[PDB]
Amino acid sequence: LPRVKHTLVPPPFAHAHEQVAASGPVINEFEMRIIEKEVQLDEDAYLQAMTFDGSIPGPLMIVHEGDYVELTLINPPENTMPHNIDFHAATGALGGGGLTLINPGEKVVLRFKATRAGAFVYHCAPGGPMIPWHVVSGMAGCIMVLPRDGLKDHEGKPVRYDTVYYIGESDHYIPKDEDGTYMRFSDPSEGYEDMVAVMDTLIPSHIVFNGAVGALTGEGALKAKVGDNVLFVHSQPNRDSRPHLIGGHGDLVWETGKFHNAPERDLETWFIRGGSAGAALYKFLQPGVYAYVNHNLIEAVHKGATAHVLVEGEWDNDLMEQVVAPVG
């Protein structure tokens, strides 16, 4: 089979690809390096993170149904922990976790057949208590397996996007001092016992898009134009989310993320089950600022789950008009 070597790009962007496969099955080659580093979640909040390829989430991989995925995974000698990878897209050996455990200084190559279309989570799962801990330290991303003929709607009609954005939502459990301030550690292992105690409450300290509070706002705001069909692929590897585009809708939504199921239409808010990825297409109709949020608004605003989309184009007064301006 042809081999295609991909250069991954950091989230929320996606590597070059075609929606309709330009060929028959290929072997898709990807490589990622695991990076353990402290990351700043918020102004005075830091996470002893563990990442695929230096980003939270890990980068988006895009292939077609019936392709193979050949991943080279590298755990550099400077890392402290063993790591591996479980693709929810894959069949067998705990998603590949059983075949990919690598120590610092080792690398491994896994091949699987992408037999099922949809957006899927991938995450680290080295075993026992390590599983939740590695995930909530940042080790999860998404692979999207498109149908060979591209996406289809609830009636089997071909559907096309202009842009995909990968929104990786992640919950984190940063320990606190009695006064509410966040603790700092020298490395992941040092912070482990304190982190577990927070994990046990099931209350995240932060819930973020793209690895940090405000990462996709201000200078990181997403961009589009009136008329653009934008696919928002949304992963949550550990906890539920309820995405909502403020000012918009989900035109076609696969909330369970699997493309051969019929999408729902006209949604205000949809539901990403923890341990899954979903996808929503929207055609922008009005210019201006939109917020893409987890619609538990405490999670959106206090915890960090808010992105902005800045949209250019002409305003349509038939859809909405301020008839009487604030007056009094």
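Take the two forms, find the largest set of C-alpha atoms that superpose within 1.5 Å, and that set is the rigid core. Throughout, we count residues from 1 along the sequence that is shown.
- Using the rigid core as the fitting frame, the root mean square C-alpha deviation in 4 other deposited structures of this protein is greater for 171-179 than for the other of 171-179 and 94-102.
- Where the structures in 4 other deposited structures of this protein are fitted on the rigid core, 180-188 is the one of 180-188 and 249-257 whose C-alphas sit farther from the shown form on average.
- Higher mean CA B-factor, judged across 44-52 and 256-264 from the recorded values: 44-52.
- The mean Cα B-factor in the deposited entry runs higher for 61-69 than for the other of 271-279 and 61-69.
- Looking only at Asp251, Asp86, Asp162, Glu78, the residue with the top Cα B factor in the deposited structure is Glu78.
- Out of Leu245, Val213, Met195, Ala93, it is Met195 whose C-alpha atom has the highest B-factor in the PDB entry.
- Per-chain ranking of the deposited C-alpha B factor places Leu99 in the middle third.
- Compared with the other modelled residues of the chain, the Cα B-factor recorded for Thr201 ranks in the middle third.
- The deposited CA B-factor of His234 belongs to the lowest third of values across its chain.
- Ranked within its chain, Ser186 lands in the highest third, by CA B factor from the PDB record.
- Annotation for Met32: C-alpha temperature factor in the middle third relative to the rest of the modelled chain, per the entry.
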